[PDB]
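input_2.tsv (TSV, N, CA, C and O atoms)
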```
chain	number	residue	atom	x	y	z
K	1	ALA	N	69.38	32.03	33.64
K	1	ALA	CA	68.77	30.82	34.26
K	1	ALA	C	67.55	31.18	35.10
K	1	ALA	O	67.30	32.36	35.37
K	2	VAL	N	66.79	30.17	35.50
K	2	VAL	CA	65.59	30.38	36.30
K	2	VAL	C	65.89	30.26	37.80
K	2	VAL	O	67.04	30.21	38.21
K	3	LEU	N	64.82	30.24	38.60
K	3	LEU	CA	64.93	30.16	40.03
K	3	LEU	C	65.35	28.78	40.52
K	3	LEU	O	65.28	27.79	39.79
K	4	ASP	N	65.80	28.75	41.77
K	4	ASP	CA	66.25	27.54	42.39
K	4	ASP	C	65.09	26.74	42.95
K	4	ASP	O	64.67	25.73	42.39
K	5	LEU	N	64.59	27.20	44.08
K	5	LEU	CA	63.51	26.56	44.78
K	5	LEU	C	62.63	27.59	45.48
K	5	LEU	O	62.31	28.63	44.90
K	6	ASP	N	62.24	27.32	46.72
K	6	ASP	CA	61.42	28.24	47.46
K	6	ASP	C	62.24	29.45	47.86
K	6	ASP	O	61.77	30.59	47.78
K	7	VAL	N	63.47	29.20	48.26
K	7	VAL	CA	64.37	30.27	48.64
K	7	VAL	C	65.24	30.69	47.46
K	7	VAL	O	66.21	30.02	47.11
K	8	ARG	N	64.87	31.79	46.83
K	8	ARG	CA	65.57	32.29	45.68
K	8	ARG	C	66.96	32.79	46.03
K	8	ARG	O	67.49	32.48	47.10
K	9	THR	N	67.56	33.54	45.12
K	9	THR	CA	68.89	34.08	45.30
K	9	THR	C	69.85	33.00	45.80
K	9	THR	O	69.89	32.69	46.99
K	10	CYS	N	70.61	32.42	44.87
K	10	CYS	CA	71.57	31.36	45.19
K	10	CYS	C	72.48	31.74	46.35
K	10	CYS	O	72.26	32.74	47.04
K	11	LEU	N	73.51	30.93	46.57
K	11	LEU	CA	74.45	31.16	47.65
K	11	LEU	C	75.32	32.39	47.40
K	11	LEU	O	75.79	32.63	46.28
K	12	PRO	N	75.54	33.21	48.45
K	12	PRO	CA	76.36	34.41	48.34
K	12	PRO	C	77.80	34.09	47.97
K	12	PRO	O	78.14	32.96	47.63
K	13	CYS	N	78.64	35.11	48.06
K	13	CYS	CA	80.04	34.97	47.75
K	13	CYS	C	80.84	36.07	48.42
K	13	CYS	O	80.29	36.89	49.16
K	14	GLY	N	82.14	36.11	48.16
K	14	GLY	CA	82.96	37.14	48.75
K	14	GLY	C	82.95	37.13	50.26
K	14	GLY	O	83.08	36.08	50.89
K	15	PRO	N	82.84	38.31	50.85
K	15	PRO	CA	82.84	38.52	52.30
K	15	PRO	C	81.44	38.45	52.91
K	15	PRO	O	80.62	39.35	52.71
K	16	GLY	N	81.17	37.37	53.65
K	16	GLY	CA	79.87	37.20	54.27
K	16	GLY	C	78.81	36.75	53.28
K	16	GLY	O	78.33	35.62	53.34
K	17	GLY	N	78.48	37.63	52.34
K	17	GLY	CA	77.51	37.32	51.32
K	17	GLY	C	77.23	38.48	50.41
K	17	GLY	O	76.12	38.65	49.90
K	18	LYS	N	78.26	39.27	50.20
K	18	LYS	CA	78.18	40.42	49.34
K	18	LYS	C	78.07	40.00	47.90
K	18	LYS	O	77.36	40.60	47.10
K	19	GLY	N	78.77	38.93	47.59
K	19	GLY	CA	78.75	38.38	46.26
K	19	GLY	C	77.88	37.14	46.18
K	19	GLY	O	77.21	36.77	47.15
K	20	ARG	N	77.89	36.50	45.03
K	20	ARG	CA	77.10	35.31	44.80
K	20	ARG	C	77.64	34.57	43.58
K	20	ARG	O	78.57	35.02	42.93
K	21	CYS	N	77.02	33.44	43.26
K	21	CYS	CA	77.42	32.67	42.10
K	21	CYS	C	76.76	33.23	40.85
K	21	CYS	O	75.64	33.73	40.91
K	22	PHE	N	77.45	33.15	39.72
K	22	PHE	CA	76.90	33.67	38.47
K	22	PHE	C	76.78	32.59	37.40
K	22	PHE	O	75.85	31.78	37.42
K	23	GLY	N	77.72	32.57	36.45
K	23	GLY	CA	77.67	31.59	35.38
K	23	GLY	C	78.23	30.23	35.78
K	23	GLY	O	77.52	29.42	36.38
K	24	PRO	N	79.49	29.93	35.43
K	24	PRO	CA	80.13	28.66	35.73
K	24	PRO	C	81.04	28.75	36.97
K	24	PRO	O	80.56	29.10	38.05
K	25	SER	N	82.34	28.49	36.81
K	25	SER	CA	83.27	28.61	37.92
K	25	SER	C	83.51	30.08	38.20
K	25	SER	O	84.64	30.55	38.23
K	26	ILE	N	82.42	30.82	38.36
K	26	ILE	CA	82.51	32.25	38.56
K	26	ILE	C	81.74	32.74	39.78
K	26	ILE	O	80.77	32.11	40.24
K	27	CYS	N	82.17	33.89	40.26
K	27	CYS	CA	81.60	34.57	41.39
K	27	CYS	C	81.92	36.05	41.25
K	27	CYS	O	83.05	36.40	40.91
K	28	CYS	N	80.95	36.91	41.45
K	28	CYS	CA	81.18	38.29	41.27
K	28	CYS	C	80.27	39.13	42.15
K	28	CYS	O	79.04	39.05	42.02
K	29	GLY	N	80.83	39.93	43.03
K	29	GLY	CA	80.02	40.74	43.85
K	29	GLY	C	79.90	42.13	43.26
K	29	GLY	O	80.92	42.77	43.02
K	30	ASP	N	78.68	42.60	42.98
K	30	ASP	CA	78.53	43.93	42.39
K	30	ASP	C	79.17	44.93	43.32
K	30	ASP	O	80.12	45.62	42.95
K	31	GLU	N	78.72	44.93	44.56
K	31	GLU	CA	79.32	45.76	45.57
K	31	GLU	C	80.54	45.02	46.12
K	31	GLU	O	80.90	45.19	47.28
K	32	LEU	N	81.12	44.13	45.31
K	32	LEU	CA	82.21	43.30	45.76
K	32	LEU	C	83.08	42.76	44.62
K	32	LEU	O	83.64	41.68	44.72
K	33	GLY	N	83.22	43.54	43.55
K	33	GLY	CA	84.06	43.15	42.41
K	33	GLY	C	83.80	41.76	41.84
K	33	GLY	O	83.02	40.98	42.39
K	34	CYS	N	84.47	41.47	40.71
K	34	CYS	CA	84.32	40.20	39.99
K	34	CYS	C	85.50	39.24	40.17
K	34	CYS	O	86.65	39.62	39.96
K	35	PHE	N	85.20	37.99	40.53
K	35	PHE	CA	86.24	36.96	40.69
K	35	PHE	C	85.87	35.66	39.98
K	35	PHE	O	84.90	35.00	40.37
K	36	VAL	N	86.64	35.25	38.98
K	36	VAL	CA	86.35	33.99	38.29
K	36	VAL	C	87.23	32.89	38.85
K	36	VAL	O	88.44	32.85	38.59
K	37	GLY	N	86.62	32.01	39.62
K	37	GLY	CA	87.36	30.91	40.23
K	37	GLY	C	88.51	31.42	41.08
K	37	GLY	O	89.51	30.73	41.27
K	38	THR	N	88.36	32.63	41.60
K	38	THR	CA	89.37	33.27	42.43
K	38	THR	C	89.06	33.06	43.91
K	38	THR	O	88.00	32.55	44.26
K	39	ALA	N	89.98	33.48	44.79
K	39	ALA	CA	89.78	33.34	46.23
K	39	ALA	C	88.38	33.77	46.64
K	39	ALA	O	87.64	33.00	47.25
K	40	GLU	N	88.01	35.00	46.31
K	40	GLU	CA	86.69	35.52	46.64
K	40	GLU	C	85.59	34.90	45.77
K	40	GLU	O	84.43	35.32	45.83
K	41	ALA	N	85.95	33.91	44.95
K	41	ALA	CA	84.99	33.26	44.07
K	41	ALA	C	84.75	31.80	44.45
K	41	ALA	O	83.73	31.21	44.07
K	42	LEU	N	85.69	31.21	45.17
K	42	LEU	CA	85.59	29.81	45.58
K	42	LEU	C	84.23	29.46	46.18
K	42	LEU	O	83.86	28.29	46.22
K	43	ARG	N	83.47	30.45	46.62
K	43	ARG	CA	82.16	30.19	47.19
K	43	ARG	C	81.31	29.35	46.24
K	43	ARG	O	80.39	28.65	46.66
K	44	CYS	N	81.64	29.40	44.95
K	44	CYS	CA	80.92	28.63	43.95
K	44	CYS	C	81.36	27.18	43.95
K	44	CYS	O	80.80	26.36	43.21
K	45	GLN	N	82.34	26.84	44.78
K	45	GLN	CA	82.79	25.47	44.87
K	45	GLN	C	81.61	24.59	45.27
K	45	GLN	O	81.56	23.40	44.97
K	46	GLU	N	80.64	25.21	45.94
K	46	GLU	CA	79.44	24.52	46.37
K	46	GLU	C	78.48	24.38	45.20
K	46	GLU	O	77.54	23.58	45.24
K	47	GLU	N	78.72	25.15	44.14
K	47	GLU	CA	77.89	25.10	42.95
K	47	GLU	C	78.23	23.88	42.08
K	47	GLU	O	77.65	23.69	41.02
K	48	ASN	N	79.17	23.06	42.55
K	48	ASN	CA	79.57	21.86	41.83
K	48	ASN	C	79.82	20.71	42.80
K	48	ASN	O	80.49	19.74	42.45
K	49	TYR	N	79.25	20.81	44.00
K	49	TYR	CA	79.40	19.77	45.03
K	49	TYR	C	78.07	19.06	45.29
K	49	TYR	O	78.04	17.97	45.86
K	50	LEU	N	76.98	19.68	44.86
K	50	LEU	CA	75.66	19.12	45.05
K	50	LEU	C	74.76	19.42	43.85
K	50	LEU	O	74.15	20.48	43.77
K	51	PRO	N	74.67	18.48	42.89
K	51	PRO	CA	73.84	18.64	41.69
K	51	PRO	C	72.45	19.18	42.01
K	51	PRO	O	71.57	18.43	42.43
K	52	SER	N	72.26	20.48	41.81
K	52	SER	CA	70.97	21.11	42.08
K	52	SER	C	70.82	22.39	41.26
K	52	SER	O	71.76	22.85	40.62
K	53	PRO	N	69.61	22.99	41.27
K	53	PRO	CA	69.33	24.21	40.53
K	53	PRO	C	70.02	25.42	41.15
K	53	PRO	O	70.67	25.31	42.19
K	54	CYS	N	69.87	26.58	40.52
K	54	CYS	CA	70.48	27.81	41.01
K	54	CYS	C	70.08	28.99	40.14
K	54	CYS	O	69.70	28.83	38.98
K	55	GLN	N	70.18	30.19	40.71
K	55	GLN	CA	69.84	31.40	39.99
K	55	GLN	C	70.85	32.50	40.27
K	55	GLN	O	71.57	32.46	41.26
K	56	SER	N	70.90	33.49	39.38
K	56	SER	CA	71.83	34.60	39.54
K	56	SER	C	71.10	35.92	39.35
K	56	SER	O	69.88	35.95	39.18
K	57	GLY	N	71.85	37.01	39.35
K	57	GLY	CA	71.25	38.32	39.16
K	57	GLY	C	72.10	39.17	38.26
K	57	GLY	O	72.92	39.95	38.73
K	58	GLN	N	71.94	38.98	36.96
K	58	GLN	CA	72.74	39.69	36.00
K	58	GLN	C	71.97	40.78	35.26
K	58	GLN	O	71.41	40.54	34.19
K	59	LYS	N	71.96	41.99	35.83
K	59	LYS	CA	71.30	43.13	35.22
K	59	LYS	C	71.96	43.50	33.89
K	59	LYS	O	73.08	44.00	33.87
K	60	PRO	N	71.29	43.21	32.76
K	60	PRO	CA	71.80	43.45	31.40
K	60	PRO	C	72.57	44.75	31.17
K	60	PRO	O	72.41	45.74	31.88
K	61	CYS	N	73.37	44.73	30.09
K	61	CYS	CA	74.15	45.87	29.63
K	61	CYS	C	74.66	45.66	28.21
K	61	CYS	O	74.87	44.52	27.76
K	62	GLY	N	74.87	46.76	27.51
K	62	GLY	CA	75.34	46.72	26.14
K	62	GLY	C	76.77	46.24	26.00
K	62	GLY	O	77.31	46.22	24.89
K	63	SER	N	77.40	45.86	27.10
K	63	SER	CA	78.77	45.40	27.06
K	63	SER	C	78.83	43.89	26.86
K	63	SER	O	79.42	43.16	27.66
K	64	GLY	N	78.23	43.43	25.77
K	64	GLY	CA	78.23	42.02	25.44
K	64	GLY	C	77.77	41.13	26.58
K	64	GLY	O	78.24	40.01	26.72
K	65	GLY	N	76.83	41.62	27.36
K	65	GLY	CA	76.30	40.84	28.45
K	65	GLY	C	75.52	41.61	29.47
K	65	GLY	O	74.97	42.68	29.18
K	66	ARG	N	75.45	41.07	30.68
K	66	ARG	CA	74.72	41.70	31.74
K	66	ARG	C	75.64	42.09	32.87
K	66	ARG	O	76.68	41.48	33.08
K	67	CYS	N	75.24	43.11	33.60
K	67	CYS	CA	75.99	43.62	34.72
K	67	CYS	C	76.08	42.58	35.81
K	67	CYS	O	75.31	41.62	35.84
K	68	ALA	N	77.05	42.75	36.70
K	68	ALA	CA	77.24	41.79	37.76
K	68	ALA	C	78.05	42.39	38.93
K	68	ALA	O	77.49	43.03	39.82
K	69	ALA	N	79.34	42.15	38.92
K	69	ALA	CA	80.27	42.63	39.94
K	69	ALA	C	80.59	44.12	39.80
K	69	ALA	O	79.93	44.82	39.04
K	70	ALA	N	81.59	44.60	40.56
K	70	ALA	CA	81.98	46.01	40.52
K	70	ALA	C	81.91	46.57	39.12
K	70	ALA	O	82.82	46.36	38.32
K	71	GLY	N	80.81	47.23	38.79
K	71	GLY	CA	80.67	47.76	37.47
K	71	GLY	C	80.94	46.73	36.41
K	71	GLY	O	81.43	47.04	35.33
K	72	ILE	N	80.65	45.49	36.73
K	72	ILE	CA	80.88	44.41	35.82
K	72	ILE	C	79.69	44.14	34.94
K	72	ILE	O	78.54	44.42	35.29
K	73	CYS	N	80.00	43.56	33.81
K	73	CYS	CA	79.05	43.15	32.83
K	73	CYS	C	79.61	41.82	32.32
K	73	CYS	O	80.68	41.78	31.70
K	74	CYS	N	78.96	40.73	32.72
K	74	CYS	CA	79.47	39.41	32.42
K	74	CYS	C	78.93	38.82	31.13
K	74	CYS	O	77.90	39.22	30.61
K	75	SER	N	79.67	37.82	30.64
K	75	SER	CA	79.35	37.12	29.43
K	75	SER	C	79.32	35.61	29.69
K	75	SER	O	79.54	35.17	30.82
K	76	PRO	N	79.03	34.79	28.67
K	76	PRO	CA	78.97	33.34	28.82
K	76	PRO	C	80.35	32.71	28.99
K	76	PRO	O	80.47	31.53	29.32
K	77	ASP	N	81.39	33.50	28.76
K	77	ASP	CA	82.76	33.02	28.89
K	77	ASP	C	83.43	33.59	30.14
K	77	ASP	O	84.30	32.96	30.73
K	78	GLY	N	83.00	34.79	30.54
K	78	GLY	CA	83.55	35.42	31.71
K	78	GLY	C	83.13	36.87	31.84
K	78	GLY	O	82.56	37.44	30.91
K	79	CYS	N	83.40	37.47	32.99
K	79	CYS	CA	83.03	38.86	33.22
K	79	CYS	C	84.21	39.80	32.98
K	79	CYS	O	85.36	39.37	32.88
K	80	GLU	N	83.91	41.10	32.92
K	80	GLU	CA	84.93	42.11	32.72
K	80	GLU	C	84.49	43.43	33.35
K	80	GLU	O	83.31	43.76	33.34
K	81	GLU	N	85.44	44.19	33.91
K	81	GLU	CA	85.12	45.46	34.53
K	81	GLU	C	84.55	46.39	33.49
K	81	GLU	O	85.28	47.03	32.74
K	82	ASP	N	83.22	46.41	33.40
K	82	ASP	CA	82.55	47.19	32.42
K	82	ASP	C	82.18	48.59	32.89
K	82	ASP	O	81.51	48.78	33.90
K	83	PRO	N	82.60	49.58	32.10
K	83	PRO	CA	82.30	50.97	32.34
K	83	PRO	C	80.81	51.17	32.34
K	83	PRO	O	80.30	52.27	32.58
K	84	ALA	N	80.12	50.09	32.06
K	84	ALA	CA	78.71	50.09	32.01
K	84	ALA	C	78.11	50.15	33.40
K	84	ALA	O	76.96	50.56	33.58
K	85	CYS	N	78.87	49.66	34.38
K	85	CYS	CA	78.36	49.61	35.72
K	85	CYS	C	79.23	50.25	36.82
K	85	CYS	O	78.67	50.52	37.89
K	86	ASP	N	80.56	50.49	36.66
K	86	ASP	CA	81.30	51.06	37.84
K	86	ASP	C	82.85	51.19	37.86
K	86	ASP	O	83.35	51.97	38.67
K	87	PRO	N	83.65	50.39	37.15
K	87	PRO	CA	85.10	50.40	37.29
K	87	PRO	C	85.77	51.12	36.17
K	87	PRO	O	86.26	52.24	36.31
K	88	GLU	N	85.71	50.48	35.04
K	88	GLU	CA	86.23	51.04	33.83
K	88	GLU	C	85.26	52.14	33.43
K	88	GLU	O	85.48	52.92	32.50
K	89	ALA	N	84.17	52.17	34.20
K	89	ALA	CA	83.07	53.11	34.09
K	89	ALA	C	83.42	54.48	34.63
K	89	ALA	O	84.58	54.85	34.78
K	90	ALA	N	82.36	55.20	34.98
K	90	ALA	CA	82.45	56.50	35.59
K	90	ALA	C	82.99	56.33	36.99
K	90	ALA	O	83.25	55.20	37.41
K	91	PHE	N	83.11	57.42	37.74
K	91	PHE	CA	83.58	57.29	39.11
K	91	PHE	C	82.43	56.71	39.93
K	91	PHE	O	81.91	57.34	40.85
K	92	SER	N	82.04	55.50	39.55
K	92	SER	CA	80.94	54.79	40.17
K	92	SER	C	81.44	53.84	41.26
K	92	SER	O	80.60	53.32	42.02
```

Rewritten as structure tokens:
Amino acid sequence: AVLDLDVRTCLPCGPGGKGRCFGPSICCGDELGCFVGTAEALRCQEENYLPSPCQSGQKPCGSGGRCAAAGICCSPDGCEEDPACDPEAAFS
């Protein structure tokens, strides 16, 4: 997706703002693991309370998608701990 407005980088997620919103009912903090509609993901509840634009930060990867949360590489259906970035990955 594209940018939101003047202030880029959508709303954070997780603890304080380590994470952020990604695709749909999802939230995944790179330095804060991946949560789809989970406790640490509810921050995206605001992503469906006010019809407006939004942007994410999904650094691509060969794991059927782009990187995101803890060594995550997300897809259009959901994310997964991808060895591409940190969990199922190397000792990253």

With 5 Å on each side, where is the centre of the axis-aligned box around all listed atoms of stretch 81-88 of chain K, and how long are its edges in Å to one decimal, as AutoDock Vina command-line options?
```
--center_x 81.6 --center_y 48.6 --center_z 35.3 --size_x 19.3 --size_y 18.7 --size_z 16.7
```

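Every protein, DNA or RNA residue with an atom at most 6 Å from stretch 21-38 of chain K, where only C-alpha atoms count and chain neighbours fewer than 5 positions away do not, is listed here: residues 44, 56, 68, 69 and 70 of chain K.
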
Practice task
Output as a ChimeraX atom specification all residues of stretch 7-85 of chain K that backbone DSSP marks as strand (DSSP E).
Solution key: /K:12-13,19-20,27-29,32-35,60-61,65-67,71-74,79-85

Problem - DSSP helix (DSSP H, G or I) residues within chain K, as number ranges by chain - result: K: 39-48

Exercise for the section: May I ask for the distance between atom CA of residue K:89 and atom CA of residue K:71, given in Å to one decimal place? Expected result: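 Result for atom CA of residue K:89 versus atom CA of residue K:71: 6.8 Å, one decimal.
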
Practice task
Write out as a ChimeraX atom specification which residues come within 7 Å of residue K:59 when counting all atoms listed in the file, dropping same-chain ones fewer than 3 positions away.
Solution key: /K:65-68,72-74

Handout entry: Residue neighbourhood residue K:12, 8 Å, only C-alpha atoms, exclusion window fewer than 5 positions, as a PyMOL selection string
Key = chain K and resi 17-21+43

Restricting it to N, CA, C and O atoms, dump the selection as a short mmCIF file (atom, residue, chain, number, x, y, z; two decimals), keeping the file's coordinate frame.
```
data_model
loop_
_atom_site.label_atom_id
_atom_site.label_comp_id
_atom_site.auth_asym_id
_atom_site.auth_seq_id
_atom_site.Cartn_x
_atom_site.Cartn_y
_atom_site.Cartn_z
N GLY K 17 78.48 37.63 52.34
CA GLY K 17 77.51 37.32 51.32
C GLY K 17 77.23 38.48 50.41
O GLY K 17 76.12 38.65 49.90
N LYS K 18 78.26 39.27 50.20
CA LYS K 18 78.18 40.42 49.34
C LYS K 18 78.07 40.00 47.90
O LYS K 18 77.36 40.60 47.10
N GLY K 19 78.77 38.93 47.59
CA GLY K 19 78.75 38.38 46.26
C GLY K 19 77.88 37.14 46.18
O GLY K 19 77.21 36.77 47.15
N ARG K 20 77.89 36.50 45.03
CA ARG K 20 77.10 35.31 44.80
C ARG K 20 77.64 34.57 43.58
O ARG K 20 78.57 35.02 42.93
N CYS K 21 77.02 33.44 43.26
CA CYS K 21 77.42 32.67 42.10
C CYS K 21 76.76 33.23 40.85
O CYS K 21 75.64 33.73 40.91
N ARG K 43 83.47 30.45 46.62
CA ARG K 43 82.16 30.19 47.19
C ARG K 43 81.31 29.35 46.24
O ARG K 43 80.39 28.65 46.66
#
```

Problem - Residue nearest residue K:39 among K:62, K:14, K:78, K:53 (counting only N, CA, C and O atoms) - result: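 Selected residue with least distance to residue K:39: K:14.
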